[PDB]
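Q: My structure file coords.pdb, PDB, C-alpha atoms, is below:
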```
ATOM      1  CA  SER A  22     109.580  47.133 101.033  1.00  0.00           C
ATOM      2  CA  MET A  23     111.765  49.808  99.536  1.00  0.00           C
ATOM      3  CA  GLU A  24     108.810  51.094  97.457  1.00  0.00           C
ATOM      4  CA  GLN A  25     106.441  51.617 100.522  1.00  0.00           C
ATOM      5  CA  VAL A  26     109.215  53.720 102.157  1.00  0.00           C
ATOM      6  CA  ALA A  27     109.676  55.939  98.974  1.00  0.00           C
ATOM      7  CA  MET A  28     105.848  56.332  98.977  1.00  0.00           C
ATOM      8  CA  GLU A  29     105.980  57.297 102.702  1.00  0.00           C
ATOM      9  CA  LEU A  30     108.805  59.813 101.917  1.00  0.00           C
ATOM     10  CA  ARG A  31     106.463  61.539  99.296  1.00  0.00           C
ATOM     11  CA  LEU A  32     103.336  61.437 101.609  1.00  0.00           C
ATOM     12  CA  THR A  33     105.584  63.036 104.246  1.00  0.00           C
ATOM     13  CA  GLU A  34     106.722  65.656 101.795  1.00  0.00           C
ATOM     14  CA  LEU A  35     103.091  66.254 100.645  1.00  0.00           C
ATOM     15  CA  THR A  36     102.240  66.647 104.333  1.00  0.00           C
ATOM     16  CA  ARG A  37     105.131  69.082 104.604  1.00  0.00           C
ATOM     17  CA  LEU A  38     103.838  71.089 101.609  1.00  0.00           C
ATOM     18  CA  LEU A  39     100.201  70.980 102.857  1.00  0.00           C
ATOM     19  CA  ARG A  40     101.305  72.204 106.325  1.00  0.00           C
ATOM     20  CA  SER A  41     102.816  75.314 104.782  1.00  0.00           C
ATOM     21  CA  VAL A  42      99.674  75.848 102.633  1.00  0.00           C
ATOM     22  CA  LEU A  43      97.508  75.442 105.761  1.00  0.00           C
ATOM     23  CA  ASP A  44      99.524  78.065 107.632  1.00  0.00           C
ATOM     24  CA  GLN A  45      99.218  80.499 104.726  1.00  0.00           C
ATOM     25  CA  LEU A  46      95.407  79.921 104.476  1.00  0.00           C
ATOM     26  CA  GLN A  47      94.952  80.391 108.194  1.00  0.00           C
ATOM     27  CA  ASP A  48      96.948  83.699 108.119  1.00  0.00           C
ATOM     28  CA  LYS A  49      94.089  84.948 105.910  1.00  0.00           C
ATOM     29  CA  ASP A  50      91.752  84.557 108.941  1.00  0.00           C
ATOM     30  CA  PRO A  51      93.315  86.962 111.481  1.00  0.00           C
ATOM     31  CA  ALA A  52      90.033  87.160 113.364  1.00  0.00           C
ATOM     32  CA  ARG A  53      90.208  83.341 113.965  1.00  0.00           C
ATOM     33  CA  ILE A  54      86.594  82.914 112.909  1.00  0.00           C
ATOM     34  CA  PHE A  55      87.503  79.502 111.358  1.00  0.00           C
ATOM     35  CA  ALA A  56      90.214  78.299 113.858  1.00  0.00           C
ATOM     36  CA  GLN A  57      88.054  75.884 115.825  1.00  0.00           C
ATOM     37  CA  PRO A  58      84.845  73.871 115.397  1.00  0.00           C
ATOM     38  CA  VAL A  59      81.485  75.635 115.743  1.00  0.00           C
ATOM     39  CA  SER A  60      80.572  74.931 119.437  1.00  0.00           C
ATOM     40  CA  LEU A  61      77.526  72.617 119.771  1.00  0.00           C
ATOM     41  CA  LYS A  62      77.157  73.855 123.355  1.00  0.00           C
ATOM     42  CA  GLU A  63      76.716  77.427 121.906  1.00  0.00           C
ATOM     43  CA  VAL A  64      74.954  76.543 118.609  1.00  0.00           C
ATOM     44  CA  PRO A  65      73.009  73.449 119.623  1.00  0.00           C
ATOM     45  CA  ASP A  66      71.027  73.166 116.317  1.00  0.00           C
ATOM     46  CA  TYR A  67      74.175  73.408 114.126  1.00  0.00           C
ATOM     47  CA  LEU A  68      74.123  69.855 112.839  1.00  0.00           C
ATOM     48  CA  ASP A  69      70.489  70.283 111.684  1.00  0.00           C
ATOM     49  CA  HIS A  70      71.940  72.901 109.271  1.00  0.00           C
ATOM     50  CA  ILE A  71      75.449  71.763 108.406  1.00  0.00           C
ATOM     51  CA  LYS A  72      76.109  68.048 107.868  1.00  0.00           C
ATOM     52  CA  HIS A  73      79.862  68.095 107.479  1.00  0.00           C
ATOM     53  CA  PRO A  74      81.382  70.693 109.839  1.00  0.00           C
ATOM     54  CA  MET A  75      84.922  71.752 109.234  1.00  0.00           C
ATOM     55  CA  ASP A  76      87.522  74.153 110.708  1.00  0.00           C
ATOM     56  CA  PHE A  77      91.279  74.704 110.677  1.00  0.00           C
ATOM     57  CA  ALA A  78      92.054  72.806 113.936  1.00  0.00           C
ATOM     58  CA  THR A  79      90.183  69.754 112.572  1.00  0.00           C
ATOM     59  CA  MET A  80      92.117  69.992 109.243  1.00  0.00           C
ATOM     60  CA  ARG A  81      95.367  70.264 111.182  1.00  0.00           C
ATOM     61  CA  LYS A  82      94.685  67.006 113.137  1.00  0.00           C
ATOM     62  CA  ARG A  83      94.019  65.196 109.844  1.00  0.00           C
ATOM     63  CA  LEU A  84      97.147  66.711 108.270  1.00  0.00           C
ATOM     64  CA  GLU A  85      99.451  65.598 111.144  1.00  0.00           C
ATOM     65  CA  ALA A  86      98.001  62.092 110.927  1.00  0.00           C
ATOM     66  CA  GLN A  87      99.037  62.236 107.182  1.00  0.00           C
ATOM     67  CA  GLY A  88      95.355  61.823 106.454  1.00  0.00           C
ATOM     68  CA  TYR A  89      95.416  63.900 103.239  1.00  0.00           C
ATOM     69  CA  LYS A  90      96.241  61.640 100.223  1.00  0.00           C
ATOM     70  CA  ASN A  91      96.402  64.510  97.688  1.00  0.00           C
ATOM     71  CA  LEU A  92      95.725  68.287  97.406  1.00  0.00           C
ATOM     72  CA  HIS A  93      92.161  67.621  96.158  1.00  0.00           C
ATOM     73  CA  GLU A  94      91.116  66.112  99.556  1.00  0.00           C
ATOM     74  CA  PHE A  95      92.701  69.094 101.340  1.00  0.00           C
ATOM     75  CA  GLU A  96      90.858  71.594  99.157  1.00  0.00           C
ATOM     76  CA  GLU A  97      87.611  69.782  99.782  1.00  0.00           C
ATOM     77  CA  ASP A  98      88.066  70.449 103.533  1.00  0.00           C
ATOM     78  CA  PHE A  99      88.993  74.103 102.946  1.00  0.00           C
ATOM     79  CA  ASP A 100      85.947  74.602 100.732  1.00  0.00           C
ATOM     80  CA  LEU A 101      83.743  73.051 103.521  1.00  0.00           C
ATOM     81  CA  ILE A 102      84.909  75.695 105.967  1.00  0.00           C
ATOM     82  CA  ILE A 103      83.879  78.415 103.523  1.00  0.00           C
ATOM     83  CA  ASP A 104      80.660  76.915 102.122  1.00  0.00           C
ATOM     84  CA  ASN A 105      79.270  75.874 105.562  1.00  0.00           C
ATOM     85  CA  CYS A 106      79.750  79.442 106.789  1.00  0.00           C
ATOM     86  CA  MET A 107      78.102  80.991 103.707  1.00  0.00           C
ATOM     87  CA  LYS A 108      75.012  78.798 104.223  1.00  0.00           C
ATOM     88  CA  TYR A 109      74.612  79.079 108.008  1.00  0.00           C
ATOM     89  CA  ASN A 110      75.270  82.811 108.162  1.00  0.00           C
ATOM     90  CA  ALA A 111      73.388  85.491 106.277  1.00  0.00           C
ATOM     91  CA  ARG A 112      75.074  87.751 103.712  1.00  0.00           C
ATOM     92  CA  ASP A 113      75.176  90.817 106.008  1.00  0.00           C
ATOM     93  CA  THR A 114      77.206  89.152 108.839  1.00  0.00           C
ATOM     94  CA  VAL A 115      80.803  89.413 109.866  1.00  0.00           C
ATOM     95  CA  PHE A 116      80.988  85.622 109.504  1.00  0.00           C
ATOM     96  CA  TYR A 117      79.763  85.400 105.886  1.00  0.00           C
ATOM     97  CA  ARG A 118      81.998  88.334 104.970  1.00  0.00           C
ATOM     98  CA  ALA A 119      85.038  86.641 106.590  1.00  0.00           C
ATOM     99  CA  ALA A 120      84.399  83.523 104.472  1.00  0.00           C
ATOM    100  CA  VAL A 121      84.236  85.499 101.221  1.00  0.00           C
ATOM    101  CA  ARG A 122      87.582  87.189 102.036  1.00  0.00           C
ATOM    102  CA  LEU A 123      89.179  83.825 102.946  1.00  0.00           C
ATOM    103  CA  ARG A 124      87.934  82.272  99.719  1.00  0.00           C
ATOM    104  CA  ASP A 125      89.221  85.169  97.614  1.00  0.00           C
ATOM    105  CA  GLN A 126      92.598  85.408  99.387  1.00  0.00           C
ATOM    106  CA  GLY A 127      93.098  81.650  99.594  1.00  0.00           C
ATOM    107  CA  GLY A 128      92.673  81.230  95.801  1.00  0.00           C
ATOM    108  CA  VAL A 129      96.154  82.628  95.123  1.00  0.00           C
ATOM    109  CA  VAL A 130      97.797  80.242  97.668  1.00  0.00           C
ATOM    110  CA  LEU A 131      95.888  77.223  96.330  1.00  0.00           C
ATOM    111  CA  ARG A 132      96.635  78.134  92.709  1.00  0.00           C
ATOM    112  CA  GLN A 133     100.392  77.990  93.400  1.00  0.00           C
ATOM    113  CA  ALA A 134     100.223  74.850  95.593  1.00  0.00           C
ATOM    114  CA  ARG A 135      98.537  73.002  92.670  1.00  0.00           C
ATOM    115  CA  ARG A 136     101.384  73.992  90.328  1.00  0.00           C
ATOM    116  CA  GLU A 137     103.882  72.895  93.134  1.00  0.00           C
ATOM    117  CA  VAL A 138     102.229  69.485  93.659  1.00  0.00           C
ATOM    118  CA  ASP A 139     102.145  68.767  89.875  1.00  0.00           C
ATOM    119  CA  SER A 140     105.733  70.129  89.575  1.00  0.00           C
ATOM    120  CA  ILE A 141     107.395  68.197  92.487  1.00  0.00           C
ATOM    121  CA  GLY A 142     105.103  65.195  91.646  1.00  0.00           C
TER
END
```
Could you take the file, read its structure, and then write that structure out as structure tokens?
A:
Amino acid sequence: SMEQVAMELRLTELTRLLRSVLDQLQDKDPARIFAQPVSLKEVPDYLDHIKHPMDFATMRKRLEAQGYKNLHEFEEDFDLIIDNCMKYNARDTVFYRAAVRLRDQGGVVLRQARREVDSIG
């Protein structure tokens, strides 16, 4: 149908918007602490602590498979990156501190993307 195509045009444009958002969020992590999954070879107990691991490479695979239906699902994944880190790592670690800074700095980007997604529909 003509409708399913118009739908697919918007999903593709949402994917296009979310890709830009993802790049902006990931620039707030210059140390690349959140770039890749936590290694289960190097942290073998990780899944006993964190039940839904997340990282920017994993979010990027989902994004390019147009696996995000709306901004809310995307934010959920971003929030996992942050909240997992803040549980697993203690307050006085470079890791916890990197998460706080990413949360704080990402807020501004996410605030405007919400306005943009409501605005462009």
Q: Near region 103-118 of chain A, counting only C-alpha atoms, which residues have an atom at most 12 Å away, once you skip same-chain residues fewer than 5 positions from it, shown as a PyMOL selection string?
A: chain A and resi 46+50+52-55+58-59+64+66-77+96-98+123-127
Q: Could you tell me how far CA of residue 27 (chain A) lies from CA of residue 138 (chain A), in Å and to one decimal?
A: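 That distance, rounded to one decimal, is 16.3 Å.
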Q: Quick check, in Å to one decimal: how far apart do CA of residue 34 (chain A) and CA of residue 79 (chain A) lie?
A: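 Atom-to-atom, CA of residue 34 (chain A) and CA of residue 79 (chain A) are spaced 20.2 Å apart.
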Q: May I ask which of the residues A:39, A:31, A:139, A:24 is the closest one to residue 89 (chain A), counting all atoms listed in the file?
A: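 Using all atoms listed in the file, residue 89 (chain A) sits closest to A:39.
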Q: Kindly indicate which residue among A:49, A:82, A:25, A:142 lies nearest to residue 119 (chain A), using all atoms listed in the file for the distances.
A: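 Smallest separation from residue 119 (chain A) among the options: A:49.
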Q: Between A:121, A:23, A:43, A:101, which one has atoms that come closest to residue 134 (chain A), using only C-alpha atoms?
A: A:43
Q: So the first atom is CA of residue 133 (chain A) and the second is CA of residue 28 (chain A); what is the distance between them in Å, to one decimal place?
A: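 Taking CA of residue 133 (chain A) as the start and CA of residue 28 (chain A) as the end point, the length is 23.0 Å.
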Q: Apply the PyMOL selection byres ((chain A and resi 33) around 12) to the displayed file and report the matching residues as a ChimeraX atom specification.
A: /A:26-32,34-40,84-91
